[PDB]
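Here the structure comes first, spelled out in structure tokens, and everything after it is commentary.
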Number of protein chains: 2
Amino acid sequence: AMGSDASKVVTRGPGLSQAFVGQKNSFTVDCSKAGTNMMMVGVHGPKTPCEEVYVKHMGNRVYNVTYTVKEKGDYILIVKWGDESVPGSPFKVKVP
Amino acid sequence: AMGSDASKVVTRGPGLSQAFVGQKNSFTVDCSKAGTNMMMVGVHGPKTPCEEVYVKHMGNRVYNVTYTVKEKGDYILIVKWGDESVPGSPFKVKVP
């Protein structure tokens, strides 16, 4: 479809709610039903920034996202399709 | 500083204006003077999505961004600090 519809994006995985220092933290963002746009991911650390963010297209606008963190705390994960928040965003991520 | 100021983000590199199929395309996003927020990157392909997007923190909220593309065309690259476009965004990227 020509346009886009963020409400049709489906996001799931452990990295939506918890992340660990020293590990890869991941989730899937399925934009296959949402039209044509850019998927954007941001991780807000209140004190220390996110170290790596990696977004891999798996086909059909299904993406795997992996990210890493360096410090414990409560982070906020934002996933957008264009300028529009996908269902569930912002996500609260605990780094224990 | 507690808040944030997208207007202080400095973005530079070849990947802001051109990207090649089969290569890593890169630029630096220097957020060291912009306070505390998430840096978000999106690459809009009108026909075929961006394959990989990778954002690496280099220290002091200076980031290296690398991305890959699969199809020729004119792409749009968006760089945000929080929900605010950084100077220069949106960037027009030719994939020849």
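Rounded to the nearest 20, the Cβ-based charge dipole of the protein assembly as shown about its Cα centre (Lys and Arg +1, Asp and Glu -1) stands at 260 debye. Computed over the protein assembly as shown, the percent of Cα pairs more than 20 Å apart is 51.
Each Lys and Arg contributes +1 and each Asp and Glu -1, all at the Cβ; summed about the Cα centre of chain A, the dipole is approximately 220 debye. Kirkwood radius and radius of gyration were both taken over the C-alpha atoms of chain A, and their ratio Rg/Rh is 0.98. Normalised by the number of residues in chain B, the average gap of Cα pairs under 8 Å and 6 or more apart makes the relative contact order 35 percent. Measuring between their Cα centroids, region B:17-96 and region A:1-59 lie 15 Å from each other. A simple count of charges around A:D30, restricted to other residues whose Cβ falls under 11 Å of its Cβ and scoring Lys, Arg +1 and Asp, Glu -1, yields +4. List, in the order given, every pair from A:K8/B:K72; A:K24/A:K72; A:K56/B:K24; A:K70/B:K33; B:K24/B:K92; A:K47/A:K72 whose Cα-Cα distance in the structure shown is over 19 Å. Listed pairs above 19 Å: A:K8/B:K72; A:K70/B:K33. Here's how it looks for A:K70: its modeled amide H is under 5 Å from those of A:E51, which are all 5 or more places away or on a different chain.
Using 13 Å as the cut-off for backbone N distance, which residues of region B:52-82 belong to the label zone defined by a point 7 Å from the Cα of B:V21 along Cα→Cβ? Residues B:69-74 fall inside that zone. In this structure, B:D5 and B:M58 have a Cβ-Cβ separation that, at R0 = 25 Å, corresponds to a calculated FRET efficiency of about 0.80.
Every residue, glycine as well, gets a Cβ built from its backbone with ideal geometry; the counts of neighbours run over all protein chains shown. None of the figures in this text is laboratory data; all of them are computed from the coordinates on show.
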